[PDB]
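# Understanding the architecture of this molecule
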Amino acid sequence: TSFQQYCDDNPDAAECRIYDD
Amino acid sequence: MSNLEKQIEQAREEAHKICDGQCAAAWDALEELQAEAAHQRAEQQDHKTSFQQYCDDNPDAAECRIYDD
Amino acid sequence: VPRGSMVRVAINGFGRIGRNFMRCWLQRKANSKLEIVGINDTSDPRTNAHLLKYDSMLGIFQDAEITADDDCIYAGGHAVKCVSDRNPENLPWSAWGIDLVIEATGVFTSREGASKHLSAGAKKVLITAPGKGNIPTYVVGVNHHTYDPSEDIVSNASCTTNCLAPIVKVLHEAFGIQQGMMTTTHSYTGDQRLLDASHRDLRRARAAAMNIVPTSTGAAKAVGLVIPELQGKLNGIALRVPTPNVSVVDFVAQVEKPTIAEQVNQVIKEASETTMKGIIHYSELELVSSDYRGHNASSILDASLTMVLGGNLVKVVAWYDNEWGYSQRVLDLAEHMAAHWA
Amino acid sequence: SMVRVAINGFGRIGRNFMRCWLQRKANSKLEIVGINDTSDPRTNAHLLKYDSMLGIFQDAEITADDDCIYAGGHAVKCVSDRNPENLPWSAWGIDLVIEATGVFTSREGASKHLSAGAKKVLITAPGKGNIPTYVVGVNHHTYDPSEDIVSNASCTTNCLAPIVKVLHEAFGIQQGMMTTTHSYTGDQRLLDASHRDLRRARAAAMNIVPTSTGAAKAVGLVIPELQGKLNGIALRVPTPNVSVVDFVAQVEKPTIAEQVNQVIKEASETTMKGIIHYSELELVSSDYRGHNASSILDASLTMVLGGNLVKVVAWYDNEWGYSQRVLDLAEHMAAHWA
Amino acid sequence: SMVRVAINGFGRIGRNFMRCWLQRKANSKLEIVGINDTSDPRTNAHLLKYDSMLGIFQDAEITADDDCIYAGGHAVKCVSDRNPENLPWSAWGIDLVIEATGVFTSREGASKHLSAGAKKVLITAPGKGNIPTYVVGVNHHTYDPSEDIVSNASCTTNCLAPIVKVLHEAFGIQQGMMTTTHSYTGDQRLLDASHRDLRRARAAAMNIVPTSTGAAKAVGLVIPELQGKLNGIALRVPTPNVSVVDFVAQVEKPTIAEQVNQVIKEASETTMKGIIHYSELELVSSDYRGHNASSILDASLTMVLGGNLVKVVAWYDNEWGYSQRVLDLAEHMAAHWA
Amino acid sequence: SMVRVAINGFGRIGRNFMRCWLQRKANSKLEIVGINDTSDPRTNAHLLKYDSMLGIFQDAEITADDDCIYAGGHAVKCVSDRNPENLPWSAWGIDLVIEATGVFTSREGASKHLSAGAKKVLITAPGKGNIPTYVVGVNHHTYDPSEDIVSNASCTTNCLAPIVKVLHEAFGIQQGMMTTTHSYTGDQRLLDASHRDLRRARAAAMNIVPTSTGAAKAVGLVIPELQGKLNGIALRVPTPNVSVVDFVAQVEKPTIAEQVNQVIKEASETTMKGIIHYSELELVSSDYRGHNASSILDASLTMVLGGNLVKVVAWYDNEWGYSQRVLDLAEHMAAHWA
Ligand SMILES: NC(=O)c1ccc[n+]([C@@H]2O[C@H](COP(=O)([O-])OP(=O)(O)OC[C@H]3O[C@@H](n4cnc5c(N)ncnc54)[C@H](O)[C@@H]3O)[C@@H](O)[C@H]2O)c1
Ligand SMILES: NC(=O)c1ccc[n+]([C@@H]2O[C@H](COP(=O)([O-])OP(=O)(O)OC[C@H]3O[C@@H](n4cnc5c(N)ncnc54)[C@H](O)[C@@H]3O)[C@@H](O)[C@H]2O)c1
Ligand SMILES: NC(=O)c1ccc[n+]([C@@H]2O[C@H](COP(=O)([O-])OP(=O)(O)OC[C@H]3O[C@@H](n4cnc5c(N)ncnc54)[C@H](O)[C@@H]3O)[C@@H](O)[C@H]2O)c1
Ligand SMILES: NC(=O)c1ccc[n+]([C@@H]2O[C@H](COP(=O)([O-])OP(=O)(O)OC[C@H]3O[C@@H](n4cnc5c(N)ncnc54)[C@H](O)[C@@H]3O)[C@@H](O)[C@H]2O)c1
């Protein structure tokens, strides 16, 4: 999707962070 | 009372096992641990804190509610 | 109470459970066998009518008007007489013809304490909590048909027991549960202090809305009361977290029949569509706690979280609305007692 | 020569006051020798040490037995009687009782400590009736040594009154409205449950809760010129500590925001030093945990319209900052004992 | 025929607006046909249905595929382009764009929709620059049908302005101070992290966070007589929705609290019906979740000092009540389409 | 000489690590000389000093200009570039980069530091692929000085693995299930908003939020005997810091709760001193803020059924505790620089 590529170009954006804790 | 509650439970099982004479002494031996368990809870009632007596008298107060969630 | 006549019900303790139960009955009053006619609480009718209508969790009550004077609360013109006495021996259960008392104060959970309603003139008592001593305990969907009308004092267990027992029953009949560990990540409840303050329990003493608070729980051992074959084979703890409602049970079981997470989900899904319909809901959605506000099921299995290791170590996760879901079961047990009143 | 102190009500204020005294113990004319509270001593030693707001107490070791709480060797006798007339104040030689239960703020309630053998009572709350009320830095020097029952007012009163006094002498306050966006307290309910106040009855950490504030009446007590000229409300919000007061005053001498901030800044460096702190930093409520000032003016929030309508905003730690002032008032009563 | 609508930005306001229109569609002149957003239609359908604040959506079925969101069989086309110049507004036949991203509030930014093919833009926020601002019930009937970009102001302005217009026409407002004790919004940070605003950088659910606001000054846009006579601040508190406005006004005509409440009550029953609600109930913030009014006056909190210093308190659901006004303004624009 | 350190990502872990090193600067082989972050030095100095969780930094003074942050007279050079290939690691003589952005967790992205001039990099998160993972106290002695990119695992793995290693070497862990009741972190949205994870999308401070986690399987990376024998999930709850691990293990050698506590207590006093803390106190989450141990066993919650099913519960400060281990691992690499 365009949403999935957005998180590829902005992995640090709020919609894209995954902290494995 | 982790040991006295477990021994009263086994002395009642031992009472039912022998009866199901020796059946009379098994019931008499059980009542001697129930008479001492009444002695242990009675002495605990003497040295109860004023806070603990407060929660007995006000079990619904904010300092005394215990909800088993 | 002749057949067709309502079982006259009084609520003792108009708190979270008492008011949740009242709003539950109000929405199901159409085909109910109960008539709520009395309330005893440490507060007054005008304060309690306000709290019944304006609920921070359930919202404003929409269905019927809620009014109060000095003596009664009116829920749609239906009058509920009110009284304020902490000693249930003094309560006017004889004068009001009370058949069933909903014991929701949290302090009269022993037989001696709950029997004080019987002394006052009530015929039966339903405790909205685990009973102390050998009080017959029931979980709807698990063993409520074992209820016998010759019992005057019963217990509907806790919210966690009502969530765990149906799951444990399904897993035990499918794979044979040998041991089981439970943790309930539970919303905070009224027994915790709002800020650090006096309490008999050093952990309930701590500020509830800014703390993860462990407490010991009997809810896991209580399953052995409704599933007697598993007595002494289950144990668990509780962790109160800063949410006001909705909780989640985490259960890890050592089972006999080797399996995988896929089969555990299918077996629970199958039971939720047959014997456990209305008690267990099977969900494959990625939801959070707020989405389960008002859910009527006792357990909502979060299927995405099921996992199995070595074929014998099973982990299942189930949601429950500890206020509304539990109160739906209190009403369900009360309706079942009414249908077999004798 | 030391003034022997007993704390009645070992709650938030009682335990904050205790930790305040332990840190300032080397210069004190007070000696805490007794505690009365619902809890036993062992429970209270645990609550005194482990605090969700103040953290674990680090200065001295805290232990207890059936009879006493021990704070670094120093023993504090403990009892649990909720009727103050039964309290062993004569047997303990108690001179000053810190009344912090919240339920003995009337003259007849606080006087029960006097019957038990205490000489003076300091109520950590607004009094009921004609009980002399004081705010340190505003009117505490008017304290008469013959008064046996006094009140340290409320936390919002101790924050607003020093700023009101400074603004009044500088510009002349004619009328004034207040609103304190206030952290919730133990008086509120964790979940919806019955309460005298139908709004404090509602889940504290889930709601903005409008309610009354003691500063609406008490500021006029410590600044008698302004009796009947100030009013306002409180907004209890889901924070466990630290609050902020919003004061909009109608003043006589027209001014601007820079001059208002200048007047308070100068006062914070001289007459109000240690009472008002002047801050131009962009902080939030957590940053003022443990602050010793009664008021911290957030200078960047000051604004004036038409010269006569002035808005000032001030922070305060309602638990710690107020308990510091309770200690200050108790130290002052010890210095002027008779 | 219908006015075809596209939503730019499917966030809190974009999704609340969608729910408002789904409930009010039976008597609507607008048809929501397209959505542009960061997310894919599947993620947005899930978030539209499951809402931590509004609960599960009840009125309509909501599903999605890779191309559309289906709100009751009605296919809503979805696209994910963050440059509005590229948006397919020409192909989709878009007439009106609900600009709810929060980043296209200038005319240069909002006009990117006009280049894409849209005919008008409604900014769900204050406009930057010379953009016509409207508050329904205050000045929306001054709407010029020839304007192509308009602003519905902010949620706080929508709460304060109707109360201000009633008080000014009744008593003559000379100056006015405001503080909105406000629920935190997505603009703040969950934990301490970088931000252009050093206060908004701080953990929102942990702090009372003061922040500046133009909502009080913005009232002068919709009530030109009061330009420059109002100012205010904002305090963000740990609640997720529902806020409250505290307004202290200096008025010309002396009055009392009973008359202030009676004037607002009468306006709420006549001219300001559906905009201002009058409540004498003792409620808290959670009780106003989903309220349709722009301002709910808390009548028992009204205070007046000296006749000319008036204090009023007004609730507002900053998400739902404002979204109802966004819908209201959009239907008004559709009724006057030119 | 001293190993020169650069911090990539001045977030919760980045700034916690900084404050950890500042308090241990006297006994350290590391010198923090550079920061790269999306924010400016003045904003980051403000956040470093004023921390909602840790409080106001008291040890040394913190200032900034356009180019540097100053901590205790020590200058820390700053830069703002999201692409690590552009960073001045060569010109600054950077030896070890602390990768704390959470974005460059693979050898591909982390090697860009090496291309820029850096010699080694320590990733403050689980790695993606061929990256050696280390948990201090479990396997950090197996570190090879020739490894250029390493991972310090997650905070949960650092809490669970020392407990697992102790239980495994005493009773033999066959299988094990984990659930971490976890404080919310920065990857969750404040209000319901777009996110590739539908549960992280939901309002963090309003929900219990389950998420998947590899922290339990990552224990197999550091205890290779247990590869594929451990699994678990996470439940994020509305607390800002401090978490707790619930571990249910299937065990070979039969045992009871008393012996399990004796073993872990024995380990915490000898082989695992400083890594595991054994606690018999009835504390809550707030009491473990700032605790330096990786795991604090709540001995009161230990329980065993049938001899083979063991449940142990351990606390951990996911921010401060993990940051202490990042420092410990970095100090270990400086001692084995080769
Ligand atoms: N809330 C839950 O999640 C939940 C779920 C299942 C079971 N329970 C159990 O149900 C019981 C009720 O819990 P709750 O959450 O409603 O607590 P609560 O404090 O909200 O309600 C208690 C109510 O009972 C009243 N009360 C107390 N003592 C009384 C007396 N002597 N006479 C008359 N009224 C009295 C109080 O005024 C209050 O209104 C508890 O034992 C709890 O363990 C609670
Ligand atoms: N917390 C604040 O922000 C704040 C600030 C200023 C003033 N105050 C005032 O200080 C007073 C104390 O408030 P708090 O927040 O500490 O309340 P709290 O509930 O935290 O403390 C009250 C303590 O007194 C005890 N207590 C109650 N009744 C008693 C009795 N009859 N005998 C003995 N002990 C009894 C309780 O067990 C509790 O430990 C209140 O009147 C409050 O209005 C509070
Ligand atoms: N929430 C409130 O309380 C409130 C009230 C009144 C007005 N407002 C205003 O309404 C506006 C919406 O705010 P919100 O609360 O919905 O914030 P939000 O973050 O919840 O909504 C923003 C949405 O827009 C999307 N978006 C951002 N940039 C985009 C782009 N270039 N292209 C397409 N989509 C994009 C984001 O993915 C997000 O879903 C804001 O300007 C705010 O000032 C908010
Ligand atoms: N916070 C915890 O509890 C915790 C514990 C253990 C491990 N971790 C891990 O540590 C990592 C850090 O997480 P956090 O909690 O500090 O999150 P955070 O958002 O607080 O920290 C991220 C910081 O990195 C910066 N950043 C992002 N992308 C960047 C880029 N391309 N270039 C430069 N700077 C950039 C951001 O500005 C932000 O300040 C995460 O991967 C997390 O999984 C977190």
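What the entry reports as its method is X-ray crystallography, with 2.249 Å given for the resolution.

### Here we look at the sheet that holds strand β7 (residues 120-123) of chain D
Within a beta sheet, neighbouring strands are joined by backbone hydrogen bonds and run either parallel or antiparallel to one another. Residues and elements named next belong to chain D. One open sheet holds the 8 strands; their spatial order is β3-β4-β5-β2-β1-β6-β7-β8, and the pairing between them is mixed. Two strands in the sheet have a free side with no partner beyond their single neighbour: β3 (62-64) and β8 (149-151). Between one strand axis and the next, the sheet turns through 25° on average, direction left out of account. Relative to strand β5 (residues 74-79), strand β2 (residues 30-36) is paired through 3 bridges, and the arrangement is parallel. Bridge assignment links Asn36 to a residue of β5, and that residue is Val79. Relative to the sheet, helix α1 (residues 12-23) contacts β1 (3-8), β2, β4 (68-71), β5 and β6 (96-99), its axis offset from that of β2 by approximately 150°. Its contacts with the sheet put helix α3 (residues 107-116) on β1, β6, β7 and β8, and the angle it makes with β7 is roughly 140°.

### Things to note about the interface of chain C and chain F
If you look at the interface, chain C gives 47 residues, while chain F gives 49 residues. For the pair chain C and chain F, the two sides together bury roughly 4,000 Å², of which 66% comes from carbon and sulfur. On the chain C side of the contact with chain F, C:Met181, C:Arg203 and C:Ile212 bury the most area, a combined 18% of that side's loss. At the boundary of chain C with chain F, the tally comes to 5 salt bridges. The salt bridge partner of F:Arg199 is C:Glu286, with a shortest N-O separation of 3.8 Å.

### Some remarks on the site of ligand 1
Around ligand 1, the surrounding shell holds 23 residues, and the nearest of these are B:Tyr67, C:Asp41, C:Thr42, C:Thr128 and C:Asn322. In this structure ligand 1 sits where residues from chains B and C come together. Between ligand 1 and the protein, one listed contact pairs an oxygen atom with a backbone N or O atom of C:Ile17 at 3.0 Å. Here an oxygen atom of ligand 1 and a side-chain polar atom of C:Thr42 are 2.7 Å apart. For ligand 1, the protein covers 92% of the area, taking 840 Å² as the surface of the free molecule. The residue inventory of the shell around ligand 1, partitioned by class, reads 8 nonpolar, 9 polar and 6 charged. Counting contributing residues, the shell around ligand 1 receives three or more from each of domain 1 (1-157 + 323-342) and domain 2 (158-322) of chain C.

### Brief notes about the state of the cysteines
Under the defined criterion, the tally for this structure stands at 3 disulfides over all chains. One disulfide bridge connects A:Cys7 with A:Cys16, the sulfur atoms lying 2.0 Å from each other. Measuring the twist about the S-S bond at about -75°, one finds the A:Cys7-A:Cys16 disulfide to be left-handed. Note on A:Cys7: relative accessible area 6%, which makes it buried. With a sulfur-sulfur separation of 2.0 Å, B:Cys55 is cross-linked through a disulfide to B:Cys64. Taking the sign of the S-S torsion, -80° for the link of B:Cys55 and B:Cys64, the bridge is left-handed. The burial state of B:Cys55 is the same as that of B:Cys64; both residues are buried. By sequence order of its bonded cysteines, chain B has the disulfide arrangement 1-2, 3-4. Here D:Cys78 stays unpaired: no disulfide links it, and the sulfur of D:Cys68, its closest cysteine neighbor, is 6.4 Å away.

### So, the site of ligand 4
Within the structure, ligand 4 sits among 22 residues, and A:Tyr19, F:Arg12, F:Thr38, F:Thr124 and F:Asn318 are positioned closest to it. Ligand 4 sits at the junction of chains A and F, each of which supplies nearby residues. Within the side chain of F:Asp37, an N or O atom sits 3.3 Å from an oxygen atom of ligand 4. For ligand 4, a nitrogen atom lies 3.1 Å from a polar atom in the backbone of F:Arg82. Here ligand 4 has 830 Å² of accessible area as a free molecule, and 94% of this is covered by the chains.

### Considering the UniProt feature "binding site: D-glyceraldehyde 3-phosphate" (unreviewed entry) in chain C
Residues and elements named next belong to chain C. Taking the UniProt record as the reference, the feature "binding site: D-glyceraldehyde 3-phosphate" (unreviewed entry) is found at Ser158, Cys159, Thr160, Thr189, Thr217, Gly218 and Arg240. Residue placement: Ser158 occurs in the loop between β10 (153-155) and α4 (159-175). A distance of 3.1 Å separates the side chain of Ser158 from the side chain of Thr161, its partner in a polar contact. Leave out the neighbours within four places in its chain, and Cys159 touches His186, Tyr320, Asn322 and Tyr326.

### Considerations on the arrangement of the chains
Without any contact between them, chain A and chain C keep their closest C-alpha atoms 16 Å apart. The least C-alpha distance between chain B and chain F, which are not in contact, is 14 Å.

### Points about the environment of E:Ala335
Along the chain, E:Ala335 turns up in helix α7 (residues 320-335). Under the relative-accessibility criterion, E:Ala335 is labelled partly exposed at 48%.

### Observations concerning the interface of chain E and chain A
On the side of chain A, 5 residues touch chain E, which itself brings 6 residues to the contact. Considering only the surface of chain E that becomes buried against chain A, E:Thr38, E:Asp40 and E:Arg82 emerge as the three largest contributors, covering 69% of it. At the junction of chain E with chain A, the criterion picks out 0 salt bridges. Linking chain E with chain A are 1 residue pair in polar contact.

Conventions adopted
Residues numbered from 1 in each chain as written, not as in the entry; some residues may be left out. Chains lettered and ligands numbered in written order. Heavy atoms only, no water. Residues with missing side-chain atoms left out of burial classes, pairs and counts. Pairing = 2+ DSSP bridges. Helix = DSSP H or I, 4+ residues; strand = E, 2+ residues; numbered from the N terminus. Axes fitted to C-alpha atoms, helices over the stretch in contact; angles between N-to-C directions. Contact = heavy atoms within 4.5 Å. Buried area = accessible area lost by both parts, 1.4 Å probe. Salt bridge = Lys/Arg side-chain N within 4 Å of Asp/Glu carboxyl O. Near = heavy atom within 4 Å. Polar contact = N/O pair within 3.5 Å; in protein donor to acceptor, adjacent residues only side chain to side chain. Areas by Shrake-Rupley, 256 points an atom, 1.4 Å probe, with all protein chains shown as cover. Nonpolar A, V, L, I, M, F, W, Y, C, P; charged D, E, K, R; others polar. Domains from an automatic or database assignment. Disulfide = S-S within 2.5 Å. Buried < 20%, exposed > 50% of the residue type's maximum accessible area, 1.4 Å probe, protein only. UniProt positions renumbered as here; feature names shortened; annotations may be inferred.

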